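Here are two versions of the same chain, shown separately as C-alpha cells and labelled structure 1 and structure 2.
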Structure 1
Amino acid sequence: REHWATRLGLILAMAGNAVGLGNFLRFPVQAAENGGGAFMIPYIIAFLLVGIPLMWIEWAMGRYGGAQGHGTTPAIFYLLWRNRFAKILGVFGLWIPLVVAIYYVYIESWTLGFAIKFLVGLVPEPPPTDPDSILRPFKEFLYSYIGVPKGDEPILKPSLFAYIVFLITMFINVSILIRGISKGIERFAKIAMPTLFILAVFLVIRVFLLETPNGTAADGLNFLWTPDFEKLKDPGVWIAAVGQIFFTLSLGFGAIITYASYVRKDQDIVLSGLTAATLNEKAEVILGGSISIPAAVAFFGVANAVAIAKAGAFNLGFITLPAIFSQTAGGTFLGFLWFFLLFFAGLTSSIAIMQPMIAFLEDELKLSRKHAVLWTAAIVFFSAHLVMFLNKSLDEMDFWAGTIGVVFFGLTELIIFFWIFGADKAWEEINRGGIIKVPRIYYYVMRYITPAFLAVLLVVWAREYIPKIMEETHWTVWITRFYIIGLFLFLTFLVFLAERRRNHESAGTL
C-alpha cells in the first residue's frame, strides 16, 4: 500500500482535507445565522464531545483497515463486524463523499472562475454610497456566472466561462490525484497549506483595517465572540453547531478514514489526529471567522450583516465581501486573493472526497490508479451536470449527504467500532503507537456520551425538521433524490462485484 512519506506531509494533507470552503464560507453563515456568540458555545461543546472523539475513531479505523489493504468503509466495516449488513452500511462511506464531491467541486470551480476574472479585472463597476447600488452589480455578477433562474422554470443556465472553468477544475483535481498519495496529495499539501495560511492571515489583517460610519471590524469580532447563554436551549442552534463540526472536520464522509489508511500500521494517530483537528479549528474560528463577518459588519452593521447571511448562503462570500473590497484601493486584487484562497482551500478538500472512490476501485476492484482516478472523475463530472442545471439540486445533495448523512454515518461508525467491534478493542487500537495517549475520560465519552448526543440530535432532526423538507419543497427535488438513490444502488452493485471478485480470487488461492 502507498504510505505518507513524512509526518509533516501527513499532517498538512489531513489539515488540507479538513480546511476548506467549510471554514471560510460555511462557518460564517452558520454563525451569523445563529446569533454569532450564541452559536459558539454549542460549537465548542460539539467539538469537544463529537469532533475530537470521532476524529480519533476515524483515524483508527482507517489505519486498522489500511494494515489489511483496505481504505474504505464497505470493507473496513466488515473487518470490524463480519456481517453482510456491515458491507451495505459501508456503502455510505463511498456514497456520501461522492455526492458531496458532485456539488463541492462545482462550488470550488466558481472560486477559480472568480479568481481568474478578478485577477484580470473583468469585474463589475459599482457606482461612485447606497448599499443596493453597491451590492447589486456583484449579485448580478454571481447570478450570471451560475445562471440563476430569471423566470419560473427551476432551470439554471451557467455561463460558458463557468462551464469551461468547471472542466479545468476537474482536470486540476485529476492532475493531483493521478500522482497518488505521496507524490500527489502529500506533495501538493506541502505547497497549498503554507500558501493558504499566508493568504488568509493577510486578508484578516486587511479586513481588520476596515472602518466606516457603520462600524469597524472589531464590532464583528464582538458579535461573534460574545456569549448569549439564552440560546443554549435551542435545538436548532445545536443541530447547526454539530452539523458544522462534522462538515468542517470532514467527519462522516469516509475521507479521514481513507487518508488514514495510508498511515503506517505502527504510526501515531493520537497526536496527529488531534493536531489536524486543532489546525482546522484555528483556521475556522480565527481565520474564517475574522474575514467575512467583521468585513460585513464594519460596512453594514450587525443587523444588516446578519440579514445578508440569512437571505442567501453564498451572498457573504461571493457577493458581499467582493463588493466591500471594491470600495477600497486595490480592492479588485484583494478580491482575487480571496477567491484564490477559497480555490486552494477547496482543492485540498475536494481531492480528499474523491480519494475514497479511488481507493475502493484500487483496493477492491483492483483497477490501476490511473483508471480509478479517471473513472471517478468521469462519474463526478457527469453527475455534476445535475447540480449545474437544476436549481436547488445542490441544496438537496448538501442536505442528504453533507448534512444528515454525515451525522448518521458518524453515529454508525462509532457504534460499529466502539460497540460491536468492542470498546476495549477499539480503545486499544486508537492508542496503539500513540506519541500521546487519549485522555481517559474520552473512553466514556466515546462509548456513552457521543452516541447518545448524536442519537438525540438525529431524532429531533427527523421529527421537527425533515418533514418540512419532505412536504414543502418543489417537485424537482425528487429528480435529485432519485438520482442519488440510483448512485447508492450503483455503488452497492460495485461492492457486490468486489465480493464476487474476492470469492473468485480465493477459489484461485486454493
Structure 2
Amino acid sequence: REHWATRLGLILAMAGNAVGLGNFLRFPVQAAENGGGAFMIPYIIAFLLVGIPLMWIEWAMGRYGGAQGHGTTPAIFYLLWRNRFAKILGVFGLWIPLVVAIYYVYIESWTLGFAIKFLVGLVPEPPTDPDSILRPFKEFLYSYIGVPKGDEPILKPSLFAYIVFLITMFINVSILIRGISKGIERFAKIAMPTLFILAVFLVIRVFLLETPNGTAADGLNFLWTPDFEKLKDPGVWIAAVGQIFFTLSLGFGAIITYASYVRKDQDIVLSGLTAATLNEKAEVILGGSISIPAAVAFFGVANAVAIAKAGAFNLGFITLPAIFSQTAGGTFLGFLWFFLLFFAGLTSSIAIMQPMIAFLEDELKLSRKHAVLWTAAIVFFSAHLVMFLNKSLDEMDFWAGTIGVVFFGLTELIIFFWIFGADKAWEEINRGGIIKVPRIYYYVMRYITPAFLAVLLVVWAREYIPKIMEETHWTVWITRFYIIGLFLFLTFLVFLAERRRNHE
C-alpha cells in the first residue's frame, strides 16, 4: 500500500483537505450572523465536543482499514461490523465524496477562471453608489456560470468557464495520478505555505484599507463584538456545530481515505490534532480577517448585516471583486484572492476524489493510473449535470453534501464506538499515538458526540427536508434520479468487488 513519506507532508495534506473556501468565506459569514464574538462560544464547544472527537475517529477508521488494504467505507464498515447492511451503509460513505467531487471541482474551476481573468485584468470596470459597483460584477459572474436569463432552469457556462473546468480537472488529475506521496503530499508541501503566504499578505493589505465609509478595523469590530443574546437561539448552536463539521470536512470520506495511507502504528492523535489546529488558525485568524473586514471597510458597518445575510458566495465572488475594483492595486489583489481560493479548493478536491480512486484500487484492483482516469471520467461526465442544470449543484450539496455527511458522521460514531466496541475503538485511536487522547474524551465520544450529531441531524432535518421535498422545482428529481443512480452504480461495483474477492 501507498504511504505518506513524511509526518509534515501527511499533516499538510490533511490540513489542506480541511482548509477550503469555507475558511475565508463561510466561517466569517456564519460568525457575523450567529453572535459575532459570541459565536466562538458554541464554536469552540463544537470543536471540542464534535469536531476533534469525530476527526480522530475517522483517522482511526482509515488507518485501521488501511492496514487491511482498504481505504473506503464499504470495506471498512464491513471490517467493523461483518454484516451486509454494514457494506450498504458503507456504500453511502463512498457515494458522498463521489457526489461532492461532482460539483466541487466545478466550483473550484470558477476560482481559477476568476484568478486568470483578474490577473490579466479582463474584468469589469465601474463606474458612485453600491449597486452601481456590484451589478457589473454580478453580471460578470452570471455570464461566467450562465445563470438562466429566462424561465428554463438551464445554465450556459461561458466557453472560457468550460475550458477552465477542463484545465481544473487536468490539474487535479496531474496531481492525483502521481499518487499519495509524490502527488498529493508533494503538492501539499508547496500549497499550504503558498496559501499561508497569500492569506497573510491579504490580511495585511486588507487591514490598511480606508474609505469614507469605514476602515478594516470597523470590520473586525462588527465581526467580533459579541451578541450573547443569540446564544439563547438553538439555530446558533446548529450553525456552530455544522460550521465545525464543514470546516473539518467530517463525514465526507476524505479523512478516512487519507488516513488509510498512515502506517498501522503511526500516530494519528497528535497528527490529527495538529491538522485540525492548522485549519482553525487559517479559519479564525486569517479567514476572520479578510473578507468581512474588507467589505465593511468599503461599504461601512451600515451595510454589514445585509452583507453577511447575502451569503458566502456573493461575498467571495461578487462583493470582494467589486471592492477590489475600487481600491489601489485591487485587480492584482483580486488575482491574489482567487489564487488563494483556488489552492484552497485544489488541496480539497484532490482529497475528495481520492476515495473513489482508493476504492477502484483496493477493491477492483485497478492501477493507480486507471483508477484516477476513470474517476476523472466519471466526475467529468457527471459534472455536466451540475454545469447545465440550474440548482443541480444545490440538490447534490444538500443530499450528499449536507444531510448525507451529518447522518454519515453519526453512523461513524455508532459503528465505531458502539458496534465495533467502545474499548476497541479507544485502543484503535490511541495505538501509536505520540500523545494520548485525554481519558475524558472516551465519554465524550461514546455519549456526547453522538448525541450532538443526533440533534444536528434531527432538530435540523425536521426544519429542512420538508421545504426541499415540497417547495422545489420538479427538475430536482433529475438530480435525485441521477445521484440515486450513482448510488446504485456503486452498490454494483461493491457487488463486483465481492464477487472478484470470492473468486480469488
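Residue numbering: sequential along structure 1, first residue numbered 1. For the two forms, the rigid core is made up of the largest set of C-alpha atoms that agree within 1.5 Å on superposition.
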| query | finding |
| --- | --- |
| Shifted position (C-alpha, 2 Å or more, core held fixed) between the two structures, chosen from 159, 175, 226, 327 | 226 |
| Core superposition between the two structures, C-alpha change of residue 366 at least 2 Å | no |
| Core-aligned C-alpha movement of residue 238 between the two structures reaching 2 Å | yes |
| Large Cα move at residue 306 between the two structures, threshold 2 Å, rigid core | yes |
| Angstrom displacement of the CA atom of residue 213 between the two structures, core fixed | 2.9 |
| Per-residue CA shift, residue 425 (Å; core superposed between the two structures) | 0.4 |
| Distance the CA of residue 46 travels between the two structures [rigid core superposed, Å] | 1.5 |
